[PDB]
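Just one chain follows, in the form deposited in one PDB entry, and it is written as structure tokens.
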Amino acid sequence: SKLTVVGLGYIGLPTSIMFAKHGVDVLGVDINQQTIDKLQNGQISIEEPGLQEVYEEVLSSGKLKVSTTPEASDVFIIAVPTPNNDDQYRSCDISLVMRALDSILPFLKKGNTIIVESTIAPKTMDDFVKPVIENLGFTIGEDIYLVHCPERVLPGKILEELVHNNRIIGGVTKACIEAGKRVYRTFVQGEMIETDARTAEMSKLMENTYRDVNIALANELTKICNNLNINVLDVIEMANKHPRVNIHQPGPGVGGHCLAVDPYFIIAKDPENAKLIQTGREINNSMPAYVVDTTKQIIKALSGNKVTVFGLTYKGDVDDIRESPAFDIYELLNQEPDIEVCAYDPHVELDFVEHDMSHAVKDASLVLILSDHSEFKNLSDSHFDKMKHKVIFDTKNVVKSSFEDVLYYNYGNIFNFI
């Protein structure tokens, strides 16, 4: 048993380290010479706790070797990025999987297994991958095995997730399913959910679509509830008491790498039919503007100009931005000339970001909480003493503590100020 991994990023690198730790002879392949040199030198390319340690032993074992050129293997894994095409429908860009596939093609031998771990649009495996392979003479389920196994990981111990998480084996043939089951069985303690390529592709993208549409509903309800002087949050809690009702929570928008990427892979496949998914996307995309307009309303009624943003990340307790509605709000609030913007975020390290809470809140006429950081769960009137007007507008409903001098506004209270 020999294995190749094409694309050695947040997915590829840990996948290589996992198979090599488990005795498989692994070749790691990347377009980046920087990444290759850095790995050949003995250093990991991505920031992950204790991964550098597990890599060290693995590279010394001779079980992991990194090249820019693939070689004949028993199994090939494509873990390259899938960007959202600049276009109207934000189509899946399968362009990177296609060139990775091309690089694998000359080293293919009968009996081999190809795995696409990258997020792909429905019918990619069948209408794009399958043809290119079958054309060489190979026959899916006989000479070669095609599997889509969408790999997703939280930087909260990626290796742990690689072992224990439930996996979807989406093979082109029932044979491809067995071939892919054979491959992940080396370390997967989790369940091997058997299905065909198209279902595994559609299903994975459905998981993020159900989420996005259901957040779009909660966000839309917040807009309706605020105009009707109804507490959206109290309403969601009531209605959710029904076993068949699972209304999601509102927020400052929908960022995430997957959460905003994935629903667009479905739209682009049949744009005229995906009206609900599109609408869902528009509503979630409008939340930064809804928050900015509300922020503008608050500062007009009060004297002060300064507003302190609390949270710049897409998720709580992460130092990751890049895919954040919280950053989008800050950027917009800054651009507004009649608004003075002050940053505050304990997780990410940046130049324009203030790290002493008191100086950030100093003379501020609003605290716009945008991320659900655990540090925000407990906050007293003392933290906000330096403010011009002690008033918080929480969009993530993270503040659980009690206030006396501070005016607290949720997505369920904001109509009480306006």
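C-alpha atoms forming the largest set that superposes within 1.5 Å between two forms make up the rigid core. Residues carry their position along the shown sequence, with the first being 1.
Just so it is clear, the following notes concern the form deposited in another entry, a form of the same protein that is not shown.
In the core-aligned comparison between this form and the one not shown, the C-alpha of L259 is the only one from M202, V213, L259, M192 that shifts by 2 Å or more. For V406, the Cα coordinates differ by 2 angstroms or more between this form and the one not shown after the core has been superposed.
Core-superposed comparison between this form and the one not shown: the C-alpha position of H248 differs by less than 2 Å. With the core superposed, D93 shows a C-alpha displacement of at least 2 Å between this form and the one not shown. In summary, the C-alpha positions of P250 and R90 converge in the other entry, ending up at least 3 angstroms nearer each other than in this conformation. In summary, the C-alpha positions of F265 and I115 diverge in the other entry, ending up at least 3 angstroms farther from each other than in this conformation.
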